[PDB]
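Survey of secondary and tertiary structure
Below, each chain spelled out in residue letters.
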Amino acid sequence: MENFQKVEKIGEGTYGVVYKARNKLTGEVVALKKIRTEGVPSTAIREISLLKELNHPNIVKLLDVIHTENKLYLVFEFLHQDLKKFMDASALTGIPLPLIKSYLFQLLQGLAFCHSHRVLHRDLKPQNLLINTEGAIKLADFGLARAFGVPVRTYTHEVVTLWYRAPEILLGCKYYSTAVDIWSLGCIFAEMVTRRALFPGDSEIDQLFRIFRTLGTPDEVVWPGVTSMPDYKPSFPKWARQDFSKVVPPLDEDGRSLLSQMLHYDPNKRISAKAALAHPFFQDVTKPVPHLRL
Ligand SMILES: NC(=O)c1cc([N+](=O)[O-])c(NCCCO)cc1NCc1cccnc1
């Protein structure tokens, strides 16, 4: 690196390889993502650059956008662990409710900020939620999906996770709204509670049908306009809705109520991040210290 010294390979993101690196001058430790293919669109450059101004305590700071040697690198603030790893580490005992609540509350504040600035994530997942020893959790990769357009894959033929995708995306809607992020966060909230993914689909249709089997096959009553969606088929099986008491036991009624509002089929009926912050579920929210082993 011209100014960095790769510490280690953090992993293989959806856009490219990511390294933990140290700025040789400032000495700061950061996450360096090499972006994937042969030109680097200027449209993307301007858009990404805009994200450098999107600063909030629950949003991973984009420190720099480096377009040199016709290559694109994104420099982000570094956090030591992601929520997917934390959940696996907490699988035996489960993340305590107070911490689940603190994290959900912080993530909603982050979404409320991004959404008020007209920035969507579009691909939220546990691996994109980073945590530190102080009890903070931050959203990573906000705005990259729109700026870089179609995702497709990573760069090493890795399989795209569909588990957190909103039904309107699965049904072929071409215009995303802030609601897609609320849906993904609801799926993550449920996973923290039960310690099992809510809708672990292994294909686009399996993803959609897992959603239908749990929440009921949507119709014009609960989702006006659904039968006119691009990929909707009248031949979809019609499953009856299950009770939330069976979907996220043993979450209390405040929790089930909030989750039900984050998983409404109609994106327009889905609760906003701002409104969710006011839900009675957060009446007793606090900020616990997580047991993090680094
Ligand atoms: N900004 C960051 O700090 C960061 C960035 C990305 N990324 O993709 O830009 C990332 N990839 C998620 C892959 C998980 O291995 C993980 C990060 N930190 C959490 C972490 C740090 C060290 C080891 N395991 C997890």
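Residues numbered from 1 in each chain as written, not as in the entry; some residues may be left out. Heavy atoms only, no water.

Regarding how it was determined, this PDB entry cites X-ray crystallography in its header, along with a resolution of 1.75 Å.

1. A few points about the UniProt feature "active site" in the protein chain
The UniProt record annotates "active site" at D123. Along the chain, the position of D123 falls in the loop between helix 3 (97-116) and strand 7 (129-131). For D123, a relative accessible area of 19% gives the class buried. With sequence-adjacent residues up to four places away left out, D123 is seen in contact with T14, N128 and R165. (UniProt positions renumbered as here; feature names shortened; annotations may be inferred. Helix = DSSP H or I, 4+ residues; strand = E, 2+ residues; numbered from the N terminus. Buried < 20%, exposed > 50% of the residue type's maximum accessible area, 1.4 Å probe, protein only. Contact = heavy atoms within 4.5 Å.)

2. Topic: the sheet that holds strand 7
Strand order in this open sheet of three strands is 6-7-8, and the pairing throughout is antiparallel. Of all the strands in the sheet, the pair left with one neighbour each is strand 6 (81-82) and strand 8 (137-139). Judged from the three bridges that link them, strand 7 and strand 8 form a sheet pairing that is antiparallel. By the bridge assignment for strand 8, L129 is matched with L139. Here helix 3 sits on the sheet in contact with strand 7 and strand 8, set at roughly 35 degrees to strand 8. (Pairing = 2+ DSSP bridges. Axes fitted to C-alpha atoms, helices over the stretch in contact; angles between N-to-C directions.)

3. Description of the packing of aromatic side chains
As enumerated under the stated definition, the model contains 15 aromatic pairs in all. Note on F209 and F236: the rings are 5.7 Å apart at their centroids and 85 degrees apart in plane angle, and the pair reads as edge-to-face. Here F209 is found in helix 7 (residues 204-215), whereas its partner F236 is found in the loop between helix 7 and helix 8 (244-247), with 27 residues between them in sequence. A residue is classified by how much of its surface remains accessible, and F209, at 16% relative accessible area, is buried. With a relative accessible area of 8%, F236 lands in the buried category. (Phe/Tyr/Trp six-rings, centres within 6.5 Å; stacked < 30°, edge-to-face > 60°.)

4. Comments concerning the site of the ligand
Taken together, the residues surrounding the ligand are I10, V18, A31, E77, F78, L79, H80, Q81, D82 and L130. Note that an oxygen atom of the ligand is positioned 3.3 Å from one of the backbone N or O atoms of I10. For the ligand, an oxygen atom lies 2.9 Å from a polar atom in the backbone of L79. Coverage of the ligand by the protein chains reaches 79% of its 520 Å² of free accessible surface. In terms of residue class, the shell around the ligand is built from six nonpolar, two polar and two charged. Residue contributions to the shell around the ligand reach at least three from each of two domains, namely domain 1 (1-80) and domain 2 (81-291). (Near = heavy atom within 4 Å. Polar contact = N/O pair within 3.5 Å; in protein donor to acceptor, adjacent residues only side chain to side chain. Areas by Shrake-Rupley, 256 points an atom, 1.4 Å probe, with all protein chains shown as cover. Nonpolar A, V, L, I, M, F, W, Y, C, P; charged D, E, K, R; others polar. Domains from an automatic or database assignment.)

5. Notes on the environment of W183
By secondary structure assignment, the location of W183 is in helix 6 (residues 179-194). Residues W183 and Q81 lie 102 residues apart in sequence; the distance between their C-alpha atoms is 23 Å.

6. Examining the domain arrangement of the protein chain
Under the domain assignment, the protein chain is made up of domain 1 (1-80) and domain 2 (81-291). Spacing between the C-alpha centres of domain 1 and domain 2 amounts to 26 Å. With 26 residues of domain 1 at the contact, the number on the domain 2 side is 30 residues. Between domain 1 and domain 2, the buried area comes to about 2500 Å², and carbon and sulfur atoms account for 62% of it. Sorting the residues of domain 1 by area buried against domain 2 places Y15, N58 and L79 first, and these three jointly supply 25% of that buried surface. Close ionic contact of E77 with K138 constitutes a salt bridge, the shortest N to O distance being 3.0 Å. Put simply, domain 1 and domain 2 have eight residue pairs in polar contact between them. (Buried area = accessible area lost by both parts, 1.4 Å probe. Salt bridge = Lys/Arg side-chain N within 4 Å of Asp/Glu carboxyl O.)

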